[PDB]
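Two separate entries follow, structure 1 and structure 2, each one form of the same protein chain as structure tokens.
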Structure 1
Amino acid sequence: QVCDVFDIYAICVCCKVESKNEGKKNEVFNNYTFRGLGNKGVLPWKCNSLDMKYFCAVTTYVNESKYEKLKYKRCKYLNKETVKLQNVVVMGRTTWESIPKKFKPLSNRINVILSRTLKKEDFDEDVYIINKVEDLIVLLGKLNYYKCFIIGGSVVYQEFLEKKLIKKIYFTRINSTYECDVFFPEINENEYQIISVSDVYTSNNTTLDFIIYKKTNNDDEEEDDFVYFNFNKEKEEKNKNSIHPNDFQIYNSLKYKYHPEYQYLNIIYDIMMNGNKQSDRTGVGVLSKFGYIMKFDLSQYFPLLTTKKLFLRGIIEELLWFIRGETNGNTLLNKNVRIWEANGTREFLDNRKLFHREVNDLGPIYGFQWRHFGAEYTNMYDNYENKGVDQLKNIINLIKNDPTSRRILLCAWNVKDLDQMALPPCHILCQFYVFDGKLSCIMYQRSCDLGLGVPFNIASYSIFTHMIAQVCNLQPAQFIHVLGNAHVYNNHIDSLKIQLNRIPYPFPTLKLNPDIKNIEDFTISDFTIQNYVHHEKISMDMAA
């Protein structure tokens, strides 16, 4: 338990490994997916401004007031008193030798270098050199530092990991593939666990995030006022006994959960712990809550859930289908997009009292309201050109010609046509906001199937936001999701319980064909999802 005494940590940054058998994509994913450390003396990627900023901020940050407990602990262990504190950076010759003279030594950091062929006289008096691994255990009990960061390379990391000389690991995850020759050791989840995950970012054309591994352990006035003000709160949660929190060992073991995906995950948890039991229109049971709001920064990442596998061909086609103004269910079925199949059958239509509606003729739904709101619906084959209000065209002109307008709204809930619809829309409306050349969008959803629908809904409107943004020569900003009746079907509980204990991966990114400048010109091949790392698919309905 020495790595805990001298505060020895390891900070790194790994990308994804390429291949000669199969490059650019992987079948299965796990933490070991991120391991690329370097290539030909240098780093796999040119450089990463943000990670660089992170590295600096960590290896040069010290809390003088905390140096106390560490002193009152390091010496007592040493069995001897330690004879403007900084931190220490330990690296191998190769590592040091790769740093440019202009930047070496590393400012405000007590440099150290492992090597069996380097004179202590070939360098500074501030730059300490060692011949062995334990030779560092001493140098520490003799110096006055705050923390010790092992910054590589591969050789160094390996040795320290095996000898259990690492307290925690600050792992930067660069979500992109590069050529490599050296890699980071496979972290053993029995001797190291993740405790915190950060927000996701985009730097130098790649998303990345920061996670923290922790060696498995295996005024006060205001404080009291806080207790008084919570005197009327509830001891436990309603579904406490129904949903056992001990089933979320992973979810709770996390201290910092800044990864955007938790906005989705936290809501699942809030509904499971505090949701109300209700019986919906399907006899099936649900846990529901009312009113939530999620926000996703599309400029930093594409919010495609990573705690399970998601497909997008279908939802993109649906989006293209809406844009064309179609209401013909067959168009989608012939492309094997069966999102609306159950809603267009003879039985469903008849139960909806639409006895005179042809099978798969969904009536005046999304597409029809977006391009012909107000027009008289006849059948899915009629020509509606120039009939009704073309809201889509209108909001796009507004965005271009009057960005600050507060009436840029696309509404699908046409009260007059509701009963003619196979089913009323769940996505009531989209509202747009434009500022400093950036486009944001809010979408209000009246009914939210958290386990199955919402995941797609998020991807759906994020993609749409990008589309509207690109044809308006703007950059996407935020996709804002407002949930009204938010529910979790009971048959999704066990599945969500499993998903809740999975740690998100850095989000992927969405790439659109840059040449498409008309909302109506997009085709399926114009959409590409890049670097999508995810946990394996999950059957929400375990009942198979």
Structure 2
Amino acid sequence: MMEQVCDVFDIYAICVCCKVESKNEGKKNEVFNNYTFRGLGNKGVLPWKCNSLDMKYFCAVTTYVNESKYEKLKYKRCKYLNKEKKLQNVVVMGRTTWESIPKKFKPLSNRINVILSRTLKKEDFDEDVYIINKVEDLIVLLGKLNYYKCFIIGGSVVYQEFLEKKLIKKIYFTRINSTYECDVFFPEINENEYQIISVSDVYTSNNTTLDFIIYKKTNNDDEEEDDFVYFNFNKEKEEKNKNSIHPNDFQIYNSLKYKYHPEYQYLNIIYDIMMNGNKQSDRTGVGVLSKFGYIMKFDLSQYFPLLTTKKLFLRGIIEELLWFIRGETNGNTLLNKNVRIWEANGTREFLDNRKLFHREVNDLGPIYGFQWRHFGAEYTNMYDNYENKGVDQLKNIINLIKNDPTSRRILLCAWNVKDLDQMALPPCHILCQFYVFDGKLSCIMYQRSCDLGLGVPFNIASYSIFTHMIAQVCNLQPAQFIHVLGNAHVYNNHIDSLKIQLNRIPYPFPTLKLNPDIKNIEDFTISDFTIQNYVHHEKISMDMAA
């Protein structure tokens, strides 16, 4: 039992890193990895001006102490040293870091401040702080103090040396998802030395998304708890596919303690379907694992929910969206933009098997577009006018949001029962419902059929984008985008690729920027959309057929 020093004295490291401004000239396809976030400082200060949320997080971690837990800690440290006034944490920093703290904040409040330095000695300081000219001295000092936990708070030189010596039990690492000029960086973490064990929710602060992750040092009333064991007596049956699906293939996924990154709502569903889904076979013979009824919520005010565990592009879906909004049903419009989302559903073969023998190739019929702007009108062909015919649902919801915010009747429905058979294929996205409160807009979209491996990722982006669009032209701030899944399935084809995916740890979501000028839902164009700071894993082919 070779007791590790970082465990005895509970020495942790907490930092924050942004993306480095390194030259990515040559390939528009930038590769990403955890080492993407490593910019620590610039010209003696932080690359970014400031970050309120990160600061709030920092303050909360380094000042929180658990009185009751100290009792044990003391025993631990004493026996390690063979030994038998409000509790505070210790914060240790390089001299350069200390000299960057504004005088009105020196020393860090409610914390025992320790400073590393050779050029300066205690006489050179006016504040209540401890000065040490060597690492070993820290261990000595900790042995003589009464503290909860000890946090190494920078800078690069200090993080560097504490990591080599393996004196860090954990690393509270903040990932600022934006680029800035840097001259100082955090050391490249060794994945065989440190593994991520927790990922936080994603937030926005000072014009940038960010999350919090925790790296751990890689290995190598009490009675009411029994009423629980009793209450779980009938949980006799477990995962029907656990055999066909070996949890051992989700090593990383199951090794994570806290999985709060919103992307996990998508990822956990994939897991649930794989571990408990029912085996079924759809129309062509392809098999699937299925479950019924799920709900996912994304905070569009905090980030754009574009999956990061694989690569996605949105040009196509944005064009589809603009295509929907124009009321179009002409598949060629999309194909002339090299968007093939609908190409397969408009062929001669496809149309004929739908019994649409009298439908021109690529004329998709009364689908989404047609329903949003002309529900109820008799469809003729994709070239017809239809001006002022049928119900313009889109304009209606826009007016309801503007003039009757609290209405509980703001829905956009595509499932026109009468037109179903005339459609190339019935709509998957049945309807959208909006909610308005305190100047914010939320949207609920009900999806009847859901291809988790290929479809859902794009669907989430589509409606999140749509919500931003409606909210803007109605002079509102987008809030939540609720996604309700009906028949949720995973095609057998996608399993091996999804297993890979579930083992990738999410990156902080990127953000969506809309041209602020656009004021009418119809005046948007492809160039009015900007997806910024999209950090993602390499793309995957859900289908590995060759």
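Take the two forms, find the largest set of C-alpha atoms that superpose within 1.5 Å, and that set is the rigid core. Start at 1 and count along the sequence of structure 1; that gives the residue numbers used here.
In a core superposition between the two structures, the Cα of 26 is the only one among 26, 30, 485, 490 shifting by 2 Å or more. Put the two forms on the same core and the Cα of residue 186 is off by less than 2 Å between the two structures. Positional change of residue 234 between the two structures reaches 2 Å or more at the C-alpha, relative to the superposed core.
The two forms, fitted on the rigid core, differ between the two structures by less than 2 Å at the CA of residue 225.
For residue 265, the CA shift between the two structures after superposing the rigid core equals 0.2 Å. When the core is overlaid, the C-alpha of residue 125 ends up 7.7 Å from its other position between the two structures.
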